[PDB]
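Listing of structure25.cif; format and content: mmCIF, C-alpha atoms and all ligand atoms.
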```
data_query
#
loop_
_atom_site.label_atom_id
_atom_site.label_comp_id
_atom_site.auth_asym_id
_atom_site.auth_seq_id
_atom_site.Cartn_x
_atom_site.Cartn_y
_atom_site.Cartn_z
CA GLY A 1 -65.25 -5.50 -54.83
CA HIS A 2 -66.72 -2.14 -53.84
CA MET A 3 -65.57 -0.45 -57.06
CA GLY A 4 -66.18 -1.65 -60.58
CA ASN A 5 -63.27 -1.63 -62.98
CA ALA A 6 -63.85 1.86 -64.38
CA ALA A 7 -64.39 3.46 -60.97
CA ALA A 8 -61.28 1.73 -59.60
CA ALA A 9 -59.08 2.98 -62.46
CA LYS A 10 -60.48 6.50 -62.13
CA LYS A 11 -59.66 6.54 -58.40
CA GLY A 12 -56.14 5.16 -58.88
CA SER A 13 -55.27 7.68 -61.56
CA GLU A 14 -56.71 10.34 -59.28
CA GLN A 15 -54.48 9.26 -56.42
CA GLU A 16 -51.40 9.26 -58.67
CA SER A 17 -52.23 12.79 -59.82
CA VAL A 18 -52.38 13.84 -56.14
CA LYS A 19 -48.83 12.49 -55.74
CA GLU A 20 -47.69 14.49 -58.77
CA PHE A 21 -49.36 17.64 -57.44
CA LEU A 22 -47.81 17.24 -54.00
CA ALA A 23 -44.33 16.62 -55.39
CA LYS A 24 -44.48 19.91 -57.31
CA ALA A 25 -45.96 21.74 -54.31
CA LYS A 26 -43.05 20.57 -52.18
CA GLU A 27 -40.55 21.85 -54.76
CA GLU A 28 -42.21 25.26 -54.67
CA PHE A 29 -42.44 25.34 -50.89
CA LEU A 30 -38.78 24.47 -50.37
CA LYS A 31 -37.67 27.11 -52.86
CA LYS A 32 -39.58 29.77 -50.93
CA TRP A 33 -38.51 28.30 -47.55
CA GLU A 34 -34.86 28.76 -48.60
CA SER A 35 -35.15 32.11 -50.44
CA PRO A 36 -37.97 34.18 -48.86
CA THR A 40 -41.82 44.57 -46.69
CA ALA A 41 -43.81 47.50 -45.16
CA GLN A 42 -44.12 49.78 -42.13
CA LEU A 43 -46.83 50.78 -39.67
CA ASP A 44 -47.50 54.30 -40.85
CA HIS A 45 -48.37 52.77 -44.28
CA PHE A 46 -51.76 51.73 -42.82
CA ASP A 47 -54.82 53.21 -41.14
CA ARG A 48 -56.14 51.19 -38.22
CA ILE A 49 -59.89 50.54 -38.55
CA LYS A 50 -61.13 47.91 -36.11
CA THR A 51 -60.03 44.97 -33.97
CA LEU A 52 -61.30 41.71 -35.50
CA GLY A 53 -60.05 39.36 -32.79
CA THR A 54 -57.79 39.27 -29.76
CA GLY A 55 -56.29 36.71 -27.38
CA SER A 56 -53.30 35.96 -25.14
CA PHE A 57 -51.02 35.21 -28.10
CA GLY A 58 -51.78 38.38 -30.09
CA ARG A 59 -54.48 40.41 -31.79
CA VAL A 60 -55.69 41.10 -35.33
CA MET A 61 -56.84 44.47 -36.68
CA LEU A 62 -58.53 45.54 -39.88
CA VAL A 63 -56.24 48.09 -41.51
CA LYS A 64 -56.40 50.07 -44.73
CA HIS A 65 -53.30 50.47 -46.87
CA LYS A 66 -52.89 54.19 -47.53
CA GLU A 67 -51.41 54.10 -51.04
CA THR A 68 -53.65 51.39 -52.55
CA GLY A 69 -56.73 51.63 -50.33
CA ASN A 70 -56.72 47.83 -50.03
CA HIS A 71 -57.93 46.37 -46.75
CA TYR A 72 -55.92 43.78 -44.81
CA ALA A 73 -55.97 41.90 -41.51
CA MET A 74 -52.88 42.86 -39.47
CA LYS A 75 -51.74 40.53 -36.69
CA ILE A 76 -49.90 42.53 -33.97
CA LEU A 77 -47.63 40.73 -31.48
CA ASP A 78 -45.94 42.32 -28.46
CA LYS A 79 -42.29 41.20 -28.46
CA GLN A 80 -41.95 41.28 -24.68
CA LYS A 81 -45.20 39.32 -24.33
CA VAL A 82 -43.96 36.72 -26.81
CA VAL A 83 -40.75 36.24 -24.81
CA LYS A 84 -42.51 35.84 -21.46
CA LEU A 85 -44.92 33.26 -22.91
CA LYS A 86 -42.00 31.34 -24.52
CA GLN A 87 -43.47 31.78 -28.03
CA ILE A 88 -40.36 33.10 -29.80
CA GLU A 89 -39.83 30.06 -32.04
CA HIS A 90 -43.59 29.70 -32.52
CA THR A 91 -43.83 33.26 -33.82
CA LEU A 92 -40.85 32.76 -36.12
CA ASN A 93 -42.50 29.54 -37.39
CA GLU A 94 -45.76 31.38 -38.07
CA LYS A 95 -44.19 34.05 -40.28
CA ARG A 96 -41.86 31.67 -42.07
CA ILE A 97 -44.50 29.05 -42.85
CA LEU A 98 -47.06 31.60 -44.01
CA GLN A 99 -44.46 33.17 -46.31
CA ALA A 100 -43.70 29.86 -47.99
CA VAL A 101 -47.03 28.02 -48.35
CA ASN A 102 -49.54 28.43 -51.16
CA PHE A 103 -52.95 26.74 -51.14
CA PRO A 104 -56.48 28.03 -51.88
CA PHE A 105 -57.70 27.56 -48.28
CA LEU A 106 -54.64 29.04 -46.50
CA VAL A 107 -54.75 32.76 -45.77
CA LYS A 108 -52.15 34.69 -47.76
CA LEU A 109 -49.48 36.78 -46.06
CA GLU A 110 -48.77 40.09 -47.82
CA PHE A 111 -46.27 41.90 -45.57
CA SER A 112 -44.35 41.41 -42.36
CA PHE A 113 -42.27 43.86 -40.35
CA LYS A 114 -41.31 44.86 -36.83
CA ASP A 115 -40.58 47.95 -34.77
CA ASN A 116 -39.23 48.70 -31.31
CA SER A 117 -42.15 46.99 -29.54
CA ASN A 118 -44.14 44.76 -31.89
CA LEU A 119 -44.11 42.25 -34.71
CA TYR A 120 -46.61 42.67 -37.56
CA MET A 121 -48.02 40.18 -40.08
CA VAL A 122 -50.32 41.68 -42.72
CA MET A 123 -52.69 39.14 -44.31
CA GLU A 124 -55.57 39.15 -46.79
CA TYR A 125 -58.76 40.36 -45.11
CA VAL A 126 -61.47 37.68 -45.16
CA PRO A 127 -64.72 39.59 -44.60
CA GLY A 128 -67.22 36.74 -44.11
CA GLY A 129 -66.24 36.23 -40.46
CA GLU A 130 -65.33 33.18 -38.40
CA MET A 131 -67.02 29.84 -38.91
CA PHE A 132 -67.41 29.97 -35.11
CA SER A 133 -69.90 32.87 -35.20
CA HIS A 134 -72.02 31.36 -37.96
CA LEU A 135 -72.05 27.97 -36.21
CA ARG A 136 -73.04 29.38 -32.81
CA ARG A 137 -75.76 31.50 -34.45
CA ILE A 138 -77.37 28.71 -36.49
CA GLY A 139 -76.74 26.03 -33.85
CA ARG A 140 -75.43 23.21 -36.02
CA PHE A 141 -74.65 22.61 -39.68
CA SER A 142 -76.47 19.91 -41.65
CA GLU A 143 -74.23 17.04 -42.69
CA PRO A 144 -73.79 18.29 -46.33
CA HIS A 145 -72.88 21.75 -45.04
CA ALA A 146 -70.37 20.33 -42.54
CA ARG A 147 -69.00 18.00 -45.24
CA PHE A 148 -68.30 20.92 -47.61
CA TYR A 149 -66.11 22.57 -44.98
CA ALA A 150 -64.57 19.29 -43.81
CA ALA A 151 -63.42 18.47 -47.33
CA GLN A 152 -61.45 21.71 -47.50
CA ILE A 153 -59.70 20.90 -44.24
CA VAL A 154 -58.87 17.37 -45.45
CA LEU A 155 -57.22 18.82 -48.57
CA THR A 156 -55.40 21.49 -46.59
CA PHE A 157 -53.98 18.94 -44.14
CA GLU A 158 -53.02 16.67 -47.05
CA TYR A 159 -51.06 19.63 -48.44
CA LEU A 160 -49.52 20.75 -45.14
CA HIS A 161 -48.55 17.28 -43.95
CA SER A 162 -46.92 16.46 -47.31
CA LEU A 163 -44.59 19.41 -46.56
CA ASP A 164 -43.95 18.01 -43.04
CA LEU A 165 -46.00 20.85 -41.53
CA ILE A 166 -48.28 20.22 -38.55
CA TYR A 167 -51.00 22.80 -37.92
CA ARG A 168 -51.93 22.15 -34.26
CA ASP A 169 -54.79 24.61 -33.76
CA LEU A 170 -57.80 23.52 -35.80
CA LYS A 171 -61.04 25.02 -34.45
CA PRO A 172 -63.97 27.02 -35.89
CA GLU A 173 -62.49 30.21 -34.41
CA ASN A 174 -59.55 29.89 -36.83
CA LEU A 175 -61.59 29.18 -39.96
CA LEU A 176 -62.73 32.28 -41.84
CA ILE A 177 -65.44 32.28 -44.54
CA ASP A 178 -64.51 34.09 -47.75
CA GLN A 179 -66.76 35.93 -50.19
CA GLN A 180 -67.45 32.69 -52.13
CA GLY A 181 -68.29 30.72 -48.99
CA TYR A 182 -65.00 28.80 -48.87
CA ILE A 183 -62.64 28.42 -45.87
CA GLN A 184 -59.47 30.37 -45.14
CA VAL A 185 -57.35 28.83 -42.40
CA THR A 186 -55.77 31.47 -40.17
CA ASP A 187 -53.47 31.63 -37.12
CA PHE A 188 -50.34 29.54 -37.76
CA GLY A 189 -48.87 30.35 -34.37
CA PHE A 190 -48.51 26.66 -33.50
CA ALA A 191 -47.62 25.43 -36.99
CA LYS A 192 -44.27 23.69 -37.17
CA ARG A 193 -42.09 21.79 -39.57
CA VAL A 194 -41.92 18.30 -38.05
CA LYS A 195 -40.49 15.24 -39.76
CA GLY A 196 -41.55 12.77 -37.07
CA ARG A 197 -42.22 13.50 -33.39
CA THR A 198 -42.52 16.78 -31.52
CA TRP A 199 -43.20 17.44 -27.82
CA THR A 200 -44.67 20.91 -27.12
CA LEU A 201 -47.84 21.04 -25.03
CA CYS A 202 -49.93 23.40 -27.14
CA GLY A 203 -53.29 23.77 -28.89
CA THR A 204 -56.80 24.39 -27.65
CA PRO A 205 -58.18 22.07 -24.92
CA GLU A 206 -61.31 20.75 -26.62
CA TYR A 207 -59.29 19.91 -29.77
CA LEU A 208 -56.22 18.23 -28.15
CA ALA A 209 -55.47 14.63 -29.04
CA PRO A 210 -54.98 12.34 -26.01
CA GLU A 211 -51.29 11.84 -26.76
CA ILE A 212 -50.72 15.59 -26.37
CA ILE A 213 -52.48 15.63 -22.99
CA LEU A 214 -50.45 12.59 -21.92
CA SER A 215 -47.12 14.36 -22.74
CA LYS A 216 -46.06 11.92 -25.44
CA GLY A 217 -43.84 12.74 -28.38
CA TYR A 218 -46.63 13.02 -30.92
CA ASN A 219 -46.90 13.42 -34.68
CA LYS A 220 -49.06 14.92 -37.43
CA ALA A 221 -51.95 12.58 -36.55
CA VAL A 222 -52.97 15.04 -33.84
CA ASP A 223 -54.34 17.15 -36.72
CA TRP A 224 -56.55 14.25 -37.86
CA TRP A 225 -57.89 13.82 -34.33
CA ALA A 226 -58.68 17.55 -34.33
CA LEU A 227 -60.50 17.13 -37.64
CA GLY A 228 -62.75 14.59 -35.94
CA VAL A 229 -63.46 17.14 -33.20
CA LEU A 230 -64.23 19.82 -35.81
CA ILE A 231 -66.57 17.62 -37.85
CA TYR A 232 -68.38 16.54 -34.67
CA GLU A 233 -68.77 20.15 -33.51
CA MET A 234 -69.96 21.39 -36.91
CA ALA A 235 -72.59 18.64 -37.10
CA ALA A 236 -73.66 18.63 -33.41
CA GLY A 237 -73.17 22.30 -32.47
CA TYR A 238 -70.88 21.37 -29.57
CA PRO A 239 -67.66 19.34 -29.39
CA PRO A 240 -67.39 15.68 -28.28
CA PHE A 241 -65.46 16.41 -25.06
CA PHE A 242 -67.35 19.26 -23.47
CA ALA A 243 -66.87 20.65 -19.95
CA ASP A 244 -66.52 23.93 -18.12
CA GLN A 245 -62.80 23.73 -17.31
CA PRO A 246 -59.74 22.36 -19.16
CA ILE A 247 -58.85 19.71 -16.52
CA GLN A 248 -62.31 18.17 -16.92
CA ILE A 249 -62.09 18.44 -20.72
CA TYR A 250 -58.77 16.55 -20.63
CA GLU A 251 -60.26 13.80 -18.46
CA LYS A 252 -62.98 13.19 -21.07
CA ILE A 253 -60.53 13.19 -23.97
CA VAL A 254 -58.29 10.61 -22.31
CA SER A 255 -61.19 8.31 -21.44
CA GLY A 256 -62.08 8.65 -25.12
CA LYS A 257 -65.71 7.50 -24.88
CA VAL A 258 -67.58 9.51 -27.50
CA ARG A 259 -71.36 9.77 -27.57
CA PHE A 260 -73.20 10.95 -30.67
CA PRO A 261 -76.45 12.87 -31.22
CA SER A 262 -79.26 10.68 -32.46
CA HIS A 263 -79.46 12.69 -35.69
CA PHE A 264 -75.90 11.70 -36.72
CA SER A 265 -75.87 9.35 -39.68
CA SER A 266 -74.20 5.97 -39.37
CA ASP A 267 -71.65 7.01 -41.98
CA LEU A 268 -70.74 10.08 -39.93
CA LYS A 269 -70.41 8.11 -36.70
CA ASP A 270 -68.14 5.58 -38.40
CA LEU A 271 -65.87 8.31 -39.76
CA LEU A 272 -65.74 10.02 -36.36
CA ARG A 273 -64.94 6.80 -34.46
CA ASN A 274 -61.97 6.32 -36.80
CA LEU A 275 -60.69 9.92 -36.39
CA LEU A 276 -61.40 10.16 -32.65
CA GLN A 277 -59.37 7.01 -32.14
CA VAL A 278 -57.00 6.85 -29.15
CA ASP A 279 -54.98 3.98 -30.70
CA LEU A 280 -52.58 5.54 -33.21
CA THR A 281 -52.28 2.21 -35.06
CA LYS A 282 -55.98 2.56 -35.93
CA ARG A 283 -56.52 6.32 -36.36
CA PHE A 284 -57.45 7.40 -39.87
CA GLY A 285 -54.81 9.60 -41.45
CA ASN A 286 -52.13 7.61 -39.60
CA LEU A 287 -52.35 4.31 -41.52
CA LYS A 288 -50.64 2.74 -44.53
CA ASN A 289 -53.38 4.11 -46.81
CA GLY A 290 -52.79 7.62 -45.45
CA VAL A 291 -55.26 10.37 -46.30
CA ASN A 292 -57.12 8.03 -48.65
CA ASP A 293 -58.79 6.28 -45.70
CA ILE A 294 -60.52 9.61 -45.11
CA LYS A 295 -61.12 10.75 -48.69
CA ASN A 296 -62.56 7.34 -49.67
CA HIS A 297 -64.80 7.00 -46.60
CA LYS A 298 -68.53 6.57 -47.26
CA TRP A 299 -69.35 9.88 -45.57
CA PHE A 300 -67.38 11.62 -48.34
CA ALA A 301 -68.75 9.51 -51.23
CA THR A 302 -70.57 12.55 -52.71
CA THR A 303 -67.48 14.76 -52.46
CA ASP A 304 -65.80 15.78 -55.72
CA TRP A 305 -62.33 16.43 -54.33
CA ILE A 306 -61.02 18.15 -57.47
CA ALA A 307 -64.12 20.36 -57.69
CA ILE A 308 -63.61 21.42 -54.07
CA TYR A 309 -59.94 22.26 -54.75
CA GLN A 310 -61.00 24.23 -57.85
CA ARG A 311 -63.69 26.04 -55.82
CA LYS A 312 -66.32 25.00 -58.36
CA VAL A 313 -68.78 23.50 -55.83
CA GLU A 314 -71.59 25.88 -54.89
CA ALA A 315 -71.08 26.87 -51.29
CA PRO A 316 -73.89 26.21 -48.78
CA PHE A 317 -73.61 29.74 -47.38
CA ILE A 318 -72.42 33.02 -48.96
CA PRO A 319 -71.79 35.74 -46.35
CA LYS A 320 -73.42 39.09 -46.96
CA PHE A 321 -70.73 41.53 -48.11
CA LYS A 322 -71.57 45.19 -47.60
CA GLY A 323 -68.32 46.62 -49.03
CA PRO A 324 -64.53 46.22 -49.04
CA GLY A 325 -63.87 47.34 -45.45
CA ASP A 326 -67.15 46.11 -43.98
CA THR A 327 -66.77 44.39 -40.60
CA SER A 328 -70.41 43.43 -39.97
CA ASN A 329 -69.57 39.68 -39.77
CA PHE A 330 -67.16 40.18 -36.85
CA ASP A 331 -67.80 40.80 -33.17
CA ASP A 332 -66.87 43.94 -31.25
CA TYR A 333 -63.74 44.04 -29.09
CA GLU A 334 -62.30 46.59 -26.71
CA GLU A 335 -59.84 48.67 -28.75
CA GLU A 336 -56.31 48.87 -27.33
CA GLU A 337 -53.57 51.27 -28.39
CA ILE A 338 -50.70 50.21 -30.62
CA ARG A 339 -47.87 51.50 -28.42
CA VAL A 340 -44.33 51.76 -29.81
CA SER A 341 -41.60 52.35 -27.23
CA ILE A 342 -38.82 54.84 -27.98
CA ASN A 343 -36.42 51.97 -27.15
CA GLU A 344 -35.97 48.69 -28.99
CA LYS A 345 -37.17 45.58 -27.16
CA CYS A 346 -35.85 42.04 -27.66
CA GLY A 347 -33.70 42.78 -30.70
CA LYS A 348 -31.57 39.63 -30.48
CA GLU A 349 -34.57 37.36 -29.87
CA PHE A 350 -36.24 38.48 -33.14
CA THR A 351 -33.29 39.20 -35.45
CA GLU A 352 -34.57 36.58 -37.92
CA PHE A 353 -38.14 37.93 -38.02
CA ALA B 3 -72.29 21.78 -19.50
CA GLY B 4 -69.33 23.32 -21.33
CA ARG B 5 -67.63 26.30 -22.93
CA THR B 6 -69.73 28.01 -25.62
CA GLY B 7 -67.64 31.16 -26.10
CA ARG B 8 -64.40 31.56 -28.02
CA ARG B 9 -61.69 29.23 -26.73
CA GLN B 10 -58.16 30.42 -26.00
CA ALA B 11 -55.18 28.33 -26.95
CA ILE B 12 -52.92 26.95 -24.25
CA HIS B 13 -49.14 26.98 -24.30
CA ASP B 14 -48.74 24.41 -21.49
CA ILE B 15 -50.54 21.91 -19.27
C1 LIG A 401 -56.38 37.04 -32.71
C2 LIG A 401 -57.52 36.56 -33.58
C3 LIG A 401 -57.10 36.38 -35.03
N1 LIG A 401 -58.20 35.81 -35.85
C4 LIG A 401 -58.19 34.34 -36.05
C5 LIG A 401 -58.90 33.60 -34.94
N2 LIG A 401 -60.31 34.06 -34.79
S1 LIG A 401 -58.95 36.76 -36.94
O1 LIG A 401 -58.96 38.08 -36.40
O2 LIG A 401 -60.18 36.12 -37.27
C6 LIG A 401 -57.96 36.84 -38.41
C7 LIG A 401 -56.72 36.27 -38.34
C8 LIG A 401 -55.92 36.19 -39.47
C9 LIG A 401 -56.36 36.67 -40.67
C10 LIG A 401 -57.64 37.26 -40.79
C11 LIG A 401 -58.16 37.76 -42.02
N3 LIG A 401 -59.34 38.36 -42.14
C12 LIG A 401 -60.08 38.50 -41.02
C13 LIG A 401 -59.71 38.04 -39.79
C14 LIG A 401 -58.46 37.39 -39.64
#
```

Encoding of this model in structure tokens:
Amino acid sequence: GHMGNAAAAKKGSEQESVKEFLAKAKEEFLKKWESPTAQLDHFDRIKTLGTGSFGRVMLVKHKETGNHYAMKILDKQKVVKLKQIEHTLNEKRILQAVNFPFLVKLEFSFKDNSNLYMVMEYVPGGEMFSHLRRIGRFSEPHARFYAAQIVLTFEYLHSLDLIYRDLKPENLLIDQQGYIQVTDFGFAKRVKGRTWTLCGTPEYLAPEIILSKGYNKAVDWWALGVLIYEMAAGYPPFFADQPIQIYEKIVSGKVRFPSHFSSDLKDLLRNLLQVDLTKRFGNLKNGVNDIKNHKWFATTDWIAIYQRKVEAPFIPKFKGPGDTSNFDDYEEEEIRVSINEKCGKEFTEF
Amino acid sequence: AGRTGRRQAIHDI
């Protein structure tokens, strides 16, 4: 066969140890999920690090400790109009309960009359997005280093019945050691089987989302294929100026590859960017192992990645604890707090 | 031709 006896036994024992790890991780997650911390004038606002329709994130400095954090600020009334109440409650609750080296850590959450706040570890290296657009594309080893972290993170999340639903370079921060921190859990959800919400980011949507099917966690594996393609090409596989045209290309499903893609990479991507759910990697009997044991990952030491012992291909320059040089500049908007409480009943559980 | 800037999420189609 492909593996000699010793290699086969090493890989089997490895896969059994993954099972043992995931069983304990689920114990810990459920305990925190069942039995889960600050206020605004505890922080100085420094700089907006990102902003979109579903909220904004600010660098803040904790007054007592001087530690820097990334504070997500959500407008309650805006969340209600956009029908994101449950999504925002999911984001806080999931972030509180998970624990993995490539998931950003939540430190505090609170609310006031107008807003909801989630205070996370500040990741100063910036978004993968910026670094990718600046350099153009990543070489295959560089892309593979990041991809491996996402594979492990999705193995972890999916074992807990959590779907992520917004993979994209914009949501992947680079930490001081060059490793990934996944941010923005606003579409994450605990899903045993099917779910139906039309959400995500157009270029990364699986066809079954666009086609309004009741879909499952395999949409995350499709999105991994989009991410790996974009990292290695510099642009995503279904690329067009407007969402309707992007959707048309996704549903047709015909992917074309740059001539510099290796055959191993193209084979992996054809099996992730697979319309037929009975054939899509990550959705088969062999589960995540179809991905981890693929030829394109043959040089990947999965334990060494998890342990953060692989030398990263890129170490961001770090000019100090509150340095923001790896982020772009955004128009700064006030943090307004009404004298009157808004949407108290909607957010009682937050 | 396609979108090279940061991409917003959608909440519906
Ligand atoms: C509304 C943009 C939010 N962002 C993610 C998408 N780009 S973000 O501003 O990059 C950011 C979010 C969460 C934690 C962070 C920790 N450290 C730095 C930034 C962080």

Seminar exercise, completed: One residue among A:173, A:67, A:94, A:143 is nearest to residue 10 of chain B when using all atoms listed in the file, and that residue is A:173

Exercise. Any idea what the distance is between atom CA of residue 233 of chain A and atom CA of residue 125 of chain A?
Worked result: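 Going from atom CA of residue 233 of chain A over to atom CA of residue 125 of chain A covers 25.4 Å.
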
Problem set entry | Cut-off 7 Å, all atoms listed in the file, neighbours of ligand LIG 401 (chain A) as a list in words | residues 52, 53, 54, 55, 58, 59, 60, 61, 72, 73, 75, 107, 123, 124, 125, 126, 127, 129, 130, 173, 174, 176, 186 and 187 of chain A

Give me, as a PDB file with C-alpha atoms, keeping the file's coordinate frame, all polymer residues having an atom no more than 12 Å from segment 88-91 of chain A, counting only C-alpha atoms and skipping those fewer than 3 positions away in the same chain.
```
ATOM      1  CA  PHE A  57     -51.020  35.210 -28.100  1.00  0.00           C
ATOM      2  CA  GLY A  58     -51.780  38.380 -30.090  1.00  0.00           C
ATOM      3  CA  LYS A  75     -51.740  40.530 -36.690  1.00  0.00           C
ATOM      4  CA  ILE A  76     -49.900  42.530 -33.970  1.00  0.00           C
ATOM      5  CA  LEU A  77     -47.630  40.730 -31.480  1.00  0.00           C
ATOM      6  CA  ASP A  78     -45.940  42.320 -28.460  1.00  0.00           C
ATOM      7  CA  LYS A  79     -42.290  41.200 -28.460  1.00  0.00           C
ATOM      8  CA  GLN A  80     -41.950  41.280 -24.680  1.00  0.00           C
ATOM      9  CA  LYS A  81     -45.200  39.320 -24.330  1.00  0.00           C
ATOM     10  CA  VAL A  82     -43.960  36.720 -26.810  1.00  0.00           C
ATOM     11  CA  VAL A  83     -40.750  36.240 -24.810  1.00  0.00           C
ATOM     12  CA  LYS A  84     -42.510  35.840 -21.460  1.00  0.00           C
ATOM     13  CA  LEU A  85     -44.920  33.260 -22.910  1.00  0.00           C
ATOM     14  CA  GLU A  94     -45.760  31.380 -38.070  1.00  0.00           C
ATOM     15  CA  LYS A  95     -44.190  34.050 -40.280  1.00  0.00           C
ATOM     16  CA  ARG A  96     -41.860  31.670 -42.070  1.00  0.00           C
ATOM     17  CA  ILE A  97     -44.500  29.050 -42.850  1.00  0.00           C
ATOM     18  CA  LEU A  98     -47.060  31.600 -44.010  1.00  0.00           C
ATOM     19  CA  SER A 112     -44.350  41.410 -42.360  1.00  0.00           C
ATOM     20  CA  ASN A 118     -44.140  44.760 -31.890  1.00  0.00           C
ATOM     21  CA  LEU A 119     -44.110  42.250 -34.710  1.00  0.00           C
ATOM     22  CA  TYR A 120     -46.610  42.670 -37.560  1.00  0.00           C
ATOM     23  CA  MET A 121     -48.020  40.180 -40.080  1.00  0.00           C
ATOM     24  CA  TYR A 167     -51.000  22.800 -37.920  1.00  0.00           C
ATOM     25  CA  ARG A 168     -51.930  22.150 -34.260  1.00  0.00           C
ATOM     26  CA  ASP A 187     -53.470  31.630 -37.120  1.00  0.00           C
ATOM     27  CA  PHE A 188     -50.340  29.540 -37.760  1.00  0.00           C
ATOM     28  CA  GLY A 189     -48.870  30.350 -34.370  1.00  0.00           C
ATOM     29  CA  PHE A 190     -48.510  26.660 -33.500  1.00  0.00           C
ATOM     30  CA  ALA A 191     -47.620  25.430 -36.990  1.00  0.00           C
ATOM     31  CA  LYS A 192     -44.270  23.690 -37.170  1.00  0.00           C
ATOM     32  CA  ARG A 193     -42.090  21.790 -39.570  1.00  0.00           C
ATOM     33  CA  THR A 200     -44.670  20.910 -27.120  1.00  0.00           C
ATOM     34  CA  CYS A 202     -49.930  23.400 -27.140  1.00  0.00           C
ATOM     35  CA  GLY A 203     -53.290  23.770 -28.890  1.00  0.00           C
ATOM     36  CA  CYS A 346     -35.850  42.040 -27.660  1.00  0.00           C
ATOM     37  CA  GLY A 347     -33.700  42.780 -30.700  1.00  0.00           C
ATOM     38  CA  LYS A 348     -31.570  39.630 -30.480  1.00  0.00           C
ATOM     39  CA  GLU A 349     -34.570  37.360 -29.870  1.00  0.00           C
ATOM     40  CA  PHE A 350     -36.240  38.480 -33.140  1.00  0.00           C
ATOM     41  CA  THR A 351     -33.290  39.200 -35.450  1.00  0.00           C
ATOM     42  CA  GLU A 352     -34.570  36.580 -37.920  1.00  0.00           C
ATOM     43  CA  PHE A 353     -38.140  37.930 -38.020  1.00  0.00           C
TER      44      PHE A 353
ATOM     45  CA  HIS B  13     -49.140  26.980 -24.300  1.00  0.00           C
TER      46      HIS B  13
END
```

For this session: Just need the residues of chain B within 6 Å of chain A, counting only C-alpha atoms, so spit them out as a ChimeraX atom specification.
Result: /B:3-5,11-14

Seminar exercise, completed: As a check of understanding: the span from atom CA of residue 296 of chain A to atom CA of residue 219 of chain A is 22.5 Å

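One distance worth recording is that between atom CA of residue 26 of chain A and atom CA of residue 160 of chain A, which is 9.6 Å.
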
For a cutoff of 10 Å around the file-coordinate point (-54.7, 20.7, -54.7), which residues qualify once you count all atoms listed in the file? I'd like the result as a compact mmCIF listing (two decimals) with C-alpha atoms, keeping the file's coordinate frame.
```txt
# COMPACT_ATOMS: atom_id res chain seq x y z
CA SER A 17 -52.23 12.79 -59.82
CA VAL A 18 -52.38 13.84 -56.14
CA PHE A 21 -49.36 17.64 -57.44
CA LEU A 22 -47.81 17.24 -54.00
CA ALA A 25 -45.96 21.74 -54.31
CA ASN A 102 -49.54 28.43 -51.16
CA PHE A 103 -52.95 26.74 -51.14
CA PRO A 104 -56.48 28.03 -51.88
CA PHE A 105 -57.70 27.56 -48.28
CA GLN A 152 -61.45 21.71 -47.50
CA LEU A 155 -57.22 18.82 -48.57
CA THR A 156 -55.40 21.49 -46.59
CA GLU A 158 -53.02 16.67 -47.05
CA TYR A 159 -51.06 19.63 -48.44
CA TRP A 305 -62.33 16.43 -54.33
CA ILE A 306 -61.02 18.15 -57.47
CA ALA A 307 -64.12 20.36 -57.69
CA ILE A 308 -63.61 21.42 -54.07
CA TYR A 309 -59.94 22.26 -54.75
CA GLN A 310 -61.00 24.23 -57.85
```

Problem set entry | Protein, DNA and RNA residues within 9 Å of (-69.9, 23.6, -39.6), all atoms listed in the file, as a ChimeraX atom specification | /A:131-132,134-135,140-143,145-150,172,230-237

Exercise. Near residue 218 of chain A, within 10 Å and counting all atoms listed in the file, which residues show up once chain neighbours fewer than 5 positions away are dropped, as an NGL selection string?
Worked result: :A and (196-200 or 209-212 or 280)

Please produce a file of those selected residues containing C-alpha atoms, as a compact mmCIF listing (two decimals), keeping the file's coordinate frame.
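The file below, result.txt, is the result:
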```txt
# COMPACT_ATOMS: atom_id res chain seq x y z
CA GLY A 196 -41.55 12.77 -37.07
CA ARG A 197 -42.22 13.50 -33.39
CA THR A 198 -42.52 16.78 -31.52
CA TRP A 199 -43.20 17.44 -27.82
CA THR A 200 -44.67 20.91 -27.12
CA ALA A 209 -55.47 14.63 -29.04
CA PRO A 210 -54.98 12.34 -26.01
CA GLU A 211 -51.29 11.84 -26.76
CA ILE A 212 -50.72 15.59 -26.37
CA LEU A 280 -52.58 5.54 -33.21
```
